[PDB]
A.B. asks: 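Before I ask anything, here is the structure I am working with.
Order of the sequence lines fixes the chain letters, A, B, ..., with proteins taken first and strands second; residue numbering starts at 1 for each chain. Quick note: numbers below take in every heavy atom, side chains included, and nothing from hydrogens, waters or symmetry partners.
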Amino acid sequence: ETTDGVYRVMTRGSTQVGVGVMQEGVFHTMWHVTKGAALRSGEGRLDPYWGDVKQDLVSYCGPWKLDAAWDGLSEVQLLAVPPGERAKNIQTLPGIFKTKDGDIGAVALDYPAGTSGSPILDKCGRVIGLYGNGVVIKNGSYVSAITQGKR
Amino acid sequence: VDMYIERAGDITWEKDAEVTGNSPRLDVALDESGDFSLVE
Ligand SMILES: N=C(N)N[C@@H]1CCCCNC(=O)[C@H](Cc2cccc(CN)c2)NC(=O)[C@H](CCCCN)NC(=O)Cc2cccc(c2)CNC(=O)[C@@H](CC2CCCCC2)NC1=O
C-alpha cells in the first residue's frame, strides 16, 4: 500500500540505505538512495516515475508532489529516521547554501548515510525538502541542503 | 537485490522539540552530478 507517512528504504539480513515520504500516492526519496530501482511495498511494486541526478531526487508512482518551501526565516524540524533508531524530530534554524543560482536553506545536523531522504518540516508539518545531499566543512561536521523538487 | 520500504512514522511537527545546531552561511557550487562543494 501507499499510505501517507515516512518510510525506511531497506535492502536484503537487511540494511537501511535511506528514507522517504509517501504523500498523495507518490513515494519521494533521494536519487542516491535507490538509483531509481523499483521498490517493494508489502506485496506491491512501486516504479520510478520521475528523477533528476543533479537535484538528487526521484519519485515513484507519480510526479513530485512536495511543493512547500522554507520561508527563509523560521526554524524547521528534521524528522530524522536513522538506521536502527526510532524516528525523532530535531528543531534547528537553517543556514544557507549561497550559490550562483540563488540561495538554498541548509541544516547543520549530522546522521548516518542511511538517514538520507529524511524529511524536513515547517511548523505546519509540510515537507519543505529532504535531508542528505550536502557538504563537509573544515571541522568535519556536515551541512545538508534542504533539497526540494518542482511540482 | 530486494529493495523495499517499511513504515517508520507519521509526518508531524513536535510541539516541544530540542532546538540545536548552528546556521552556517556557505558559498557552494553544484556540479551536474548533483554534488555540492565548498568554494574557496
Ligand atoms: N560528517 C559527515 N561526513 N557526515 C555524513 C552525513 C551523511 C548524511 C546522509 N548523506 C549522505 O550519506 C551523502 C551521500 C552522498 C555522497 C556523495 C554524493 C551524493 C549525491 N550527490 C550523496 N553524503 C554527503 O552528503 C557528503 C557529500 C560531500 C560532497 C563533497 N563534494 N558525503 C560525506 O559526508 C562523505 C564522508 C566524508 C568523510 C567521512 C564520512 C563520510 C564518514 N561519516 C559517516 O559515516 C557519518 C558519521 C556520522 C554518524 C552519526 C553521528 C555523526 C557522525 N557521517 C556522514 O556520513
Side-chain angles (χ1 to χ4, degrees), chain A residues 6-11 14-21 28-34 36-37 51-59 64 66 68-85 87 89-97 99-122 127-137 139-149, chain B residues 3 8 17 19-39:
Chain A
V6 62
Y7 289 71
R8 303 171 195 274
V9 185
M10 312 293 297
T11 54
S14 282
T15 301
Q16 181 175 318
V17 293
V19 183
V21 171
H28 307 77
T29 190
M30 301 207 81
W31 183 83
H32 74 260
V33 171
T34 69
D52 179 348
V53 71
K54 181 170 184 192
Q55 297 178 242
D56 196 17
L57 292 181
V58 60
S59 67
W64 188 270
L66 313 181
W70 183 47
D71 70 1
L73 208 78
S74 301
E75 291 171 16
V76 308
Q77 285 183 1
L78 173 62
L79 177 44
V81 188
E85 303 192 305
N89 292 67
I90 309 298
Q91 193 158 319
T92 195
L93 180 71
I96 307 295
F97 282 178
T99 83
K100 76 192 175 184
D101 304 307
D103 298 349
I104 306 163
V107 295
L109 302 170
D110 204 353
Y111 282 96
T115 319
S116 294
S118 289
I120 300 160
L121 311 189
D122 69 19
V127 181
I128 54 172
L130 307 185
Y131 171 92
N133 196 28
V135 299
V136 178
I137 60 171
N139 68 7
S141 62
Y142 183 65
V143 187
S144 174
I146 300 175
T147 295
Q148 181 64 293
Chain B
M3 198 169 284
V19 181
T20 190
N22 50 63
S23 309
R25 314 248 309 283
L26 305 167
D27 290 319
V28 310
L30 176 66
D31 68 18
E32 288 294 291
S33 297
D35 290 350
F36 291 106
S37 60
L38 297 170
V39 176

A.B. asks: I want to check something: taking the side chain as every heavy atom from C-beta on, are B/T20 and A/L109 in contact at a cut-off of under 4.5 Å?
C.D. replies: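 Yes. Closest side-chain heavy atoms under 4.5 Å.
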A.B. asks: May I have the step-by-step check of side chain to side chain contact (heavy atoms under 4.5 Å, CB included) for A/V135 and A/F97, ending in yes or no?
C.D. replies: CA-CA 10 Å; A/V135 299; A/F97 282 178; 4.0 Å; yes
A.B. asks: So, do A/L121 and A/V127 sit near enough that their side-chain heavy atoms are less than 4.5 Å apart?
C.D. replies: yes
A.B. asks: Mind checking side-chain contact (heavy atoms from CB on, under 4.5 Å) for A/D52 and listing every partner two or more places apart, or none if nothing turns up?
C.D. replies: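 In terms of side-chain contact (heavy atoms from CB on, under 4.5 Å), with neighbours along the sequence ignored, A/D52 is linked to A/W50, A/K54, A/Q55.
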A.B. asks: Would you check if there is a donor-acceptor pair between the side chains of A/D101 and A/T99 at a distance under 3.5 Å?
C.D. replies: no
A.B. asks: Measuring from atom CG of B/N22 to atom CD1 of A/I137, what distance do you get when rounded to the nearest 0.5 angstrom?
C.D. replies: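 Reported to 0.5 Å precision, the distance equals 6.5 Å.
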A.B. asks: Hey, could you give me the CG/CD distance between A/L130 and A/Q148, rounded to the nearest 0.5 Å?
C.D. replies: 7.0 Å
A.B. asks: Measure the OG1-CZ distance between A/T15 and A/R8 for me, rounded to the nearest 0.5 Å.
C.D. replies: 13.0 Å
A.B. asks: Rounded to the nearest 0.5 Å, what's the gap from CG on A/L93 to OG on B/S23? Could you check?
C.D. replies: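 Atom-to-atom, A/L93:CG and B/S23:OG are 3.5 Å apart.
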A.B. asks: Consider side chain to side chain contact (heavy atoms under 4.5 Å, CB included). Of A/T147, A/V107, A/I90, A/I146, which one does A/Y131 pass it with?
C.D. replies: A/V107
A.B. asks: Going from CZ on B/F36 to CG on B/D31, what distance comes out if it is rounded to the nearest 0.5 angstrom?
C.D. replies: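 One finds 9.5 Å between CZ of B/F36 and CG of B/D31.
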A.B. asks: As a quick check of understanding, evaluate side chain to side chain contact (heavy atoms under 4.5 Å, CB included) for A/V19 and A/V33, giving each step before the final call.
C.D. replies: CA-CA 8 Å; A/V19 183; A/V33 171; over 6 Å; no
A.B. asks: Give, for atom CG of B/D27 and atom CD1 of A/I96, the distance between the pair rounded to the nearest 0.5 Å.
C.D. replies: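 Result: 11.5 Å between the selected atoms.
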A.B. asks: Do the non-hydrogen side-chain atoms of A/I120 and A/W70 ever get within less than 4.5 Å of each other?
C.D. replies: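 Side chain of A/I120 against side chain of A/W70, heavy atoms only: no contact under 4.5 Å found.
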A.B. asks: Tell me, please, which residues at least two apart from A/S116 pass side chain to side chain donor-acceptor pair (under 3.5 Å).
C.D. replies: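 In terms of side chain to side chain donor-acceptor pair (under 3.5 Å), with neighbours along the sequence ignored, A/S116 is linked to A/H32.
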